[PDB]
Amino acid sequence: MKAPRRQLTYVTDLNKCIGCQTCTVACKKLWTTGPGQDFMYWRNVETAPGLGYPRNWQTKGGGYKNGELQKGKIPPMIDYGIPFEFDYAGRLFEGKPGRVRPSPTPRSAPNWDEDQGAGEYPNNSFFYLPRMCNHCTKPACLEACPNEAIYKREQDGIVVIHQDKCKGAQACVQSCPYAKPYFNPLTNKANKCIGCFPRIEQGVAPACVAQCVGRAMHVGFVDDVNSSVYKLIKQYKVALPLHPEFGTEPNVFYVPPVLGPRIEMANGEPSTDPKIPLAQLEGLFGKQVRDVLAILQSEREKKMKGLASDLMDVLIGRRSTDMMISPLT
């Protein structure tokens, strides 16, 4: 499809995400307040382990298998969650009796299994996984679309669903293995994360970066050797893409969690193992996780000894402009 000139690149530090959902809210309040968009969270944050959003998206199918395009399933509306609705007016102002219940009867929702994770007390474990469109170097959605409605912007590598060209074929929904295009049933068009390109065009960080309260998000062009995203991905090499085996070459990367307490043994004493299982992280990021954690732990140990660590300083991000394209607007 011809490489982009520059590739906007994101880094998500799982050591720092507090699962506050501020980025989920910021994104929705900017881009998905429209007709038919209520069930859509272009940006979402899910508890891992969990079912995610839509539930069981990680076995939905899609992506590439030995370079052949895969056609996965279309998640049914209940897997996204029917957005709950409420009749506040009836009870608060109109004298109607009875609680302001959610409709429908709650059974599913995008953050249904928040903080449940896995493992039995006292070794229950979970962390937070923010997700979005990965603006892949090999976007399966883009190849899938029989109408060429989806394109990757030459100037910044941002992938966009052209809303005039889209005829609702839903091959993209089928083929994105991250389940990040959402079919808008009102307009008969797919909708998905736009990389905040209007913000990026004015030198302002995407809202899910600029408004990241935990200070866990990095953004920049990966060709910029003084960017934190270059440093974390290319230099120190501690930032991995989510499910590399999907074959789409995401351009959103994750620093895996190295903060966290130890497994607790039956006598009450610490193991050396972390409560977050390595096998879980390997499931999300593959076999390189072990060495990344080793680097991270090693570098943090220098900091504990009062030694320098440039890597730790990068993650810490004492100034937000060292993490991102300017967040001021």
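All residue numbers are counted from 1 along the displayed sequence.
A.B. asks: Higher average CA B factor in the deposited record is what I'm after, so tell me if that's 14 to 22 or 307 to 315.
C.D. replies: In the deposited entry, the stretch with the higher C-alpha B-factor mean is 307 to 315.
A.B. asks: Quick check on the record: does 208 to 216 or 93 to 101 carry the larger mean Cα temperature factor?
C.D. replies: Averaged over C-alpha atoms, the B-factors run higher in 93 to 101.
A.B. asks: Sorting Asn111, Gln170, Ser228, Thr248 by Cα temperature factor from the record, which one lands on top?
C.D. replies: Out of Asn111, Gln170, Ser228, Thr248, the record gives the largest C-alpha B-factor to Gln170.
A.B. asks: Per the entry's Cα B factor values, which of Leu242, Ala179, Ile200, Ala140 stands out as the maximum?
C.D. replies: Highest CA B-factor of the listed options: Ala140.
A.B. asks: Please rank the C-alpha B-factors of the chain's modelled residues and tell me whether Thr47 sits in the lowest, middle or highest third.
C.D. replies: Lowest third - that is where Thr47 ends up once the chain's C-alpha B-factors are sorted.
A.B. asks: Taking the chain's C-alpha temperature factors as the reference, tell me which third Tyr41 falls into: lowest, middle or highest.
C.D. replies: Lowest third of the chain for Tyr41's C-alpha B-factor.
A.B. asks: Looking at the entry's B-factor column for C-alpha atoms only, identify whether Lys192 ranks in the lowest, middle or highest third of its chain.
C.D. replies: Its C-alpha B-factor belongs to the lowest third of this chain's values.
A.B. asks: Using the temperature factors of the C-alpha atoms in this entry, rank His162 within its chain: lowest, middle or highest third.
C.D. replies: Middle third.
A.B. asks: Taking the entry's C-alpha B-factors for this chain, is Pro83 in the lowest, middle or highest third?
C.D. replies: Ranked within chain, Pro83 CA B lands in the lowest tercile.
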